[PDB]
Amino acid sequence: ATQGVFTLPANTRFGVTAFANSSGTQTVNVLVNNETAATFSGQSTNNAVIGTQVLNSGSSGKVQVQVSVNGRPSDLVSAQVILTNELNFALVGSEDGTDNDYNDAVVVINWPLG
């Protein structure tokens, strides 16, 4: 199944944050309406925050997270969770190798803000 694609409420500000846990440099692309809106790049085996940004979900609300290492797409896992019918998390893990820890890049999207 497709992973890393989320329909947010349209025209809504949201946060996106990436963490790295791999020997390889993680490239995290965040697409809004199928166009790149943010890119984070970094390497850590200690869960470092390699980037964080506030974006707008635009007219479609479509947000997609892609993760690659040196141009090679990682395998993604994802889900959205909503707490008290208000607070939204869209969550992505990714695997760049063979150990299947799925933490090589971890991406958290959250909304609403403010």
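Residue numbers run from 1 along the displayed sequence.
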query	finding
Residue range whose averaged C-alpha B-factor is higher in the record, 84-92 or 54-62	54-62
Top Cα B factor in the deposited entry, candidates 76, 69, 49, 79	69
Ranked against its chain, the third holding the CA B-factor of residue 1	highest
Relative C-alpha B-factor of residue 100, binned into the chain's lowest, middle or highest third	highest
Residue 24 by Cα B-factor - lowest, middle or highest third of the modelled chain	highest
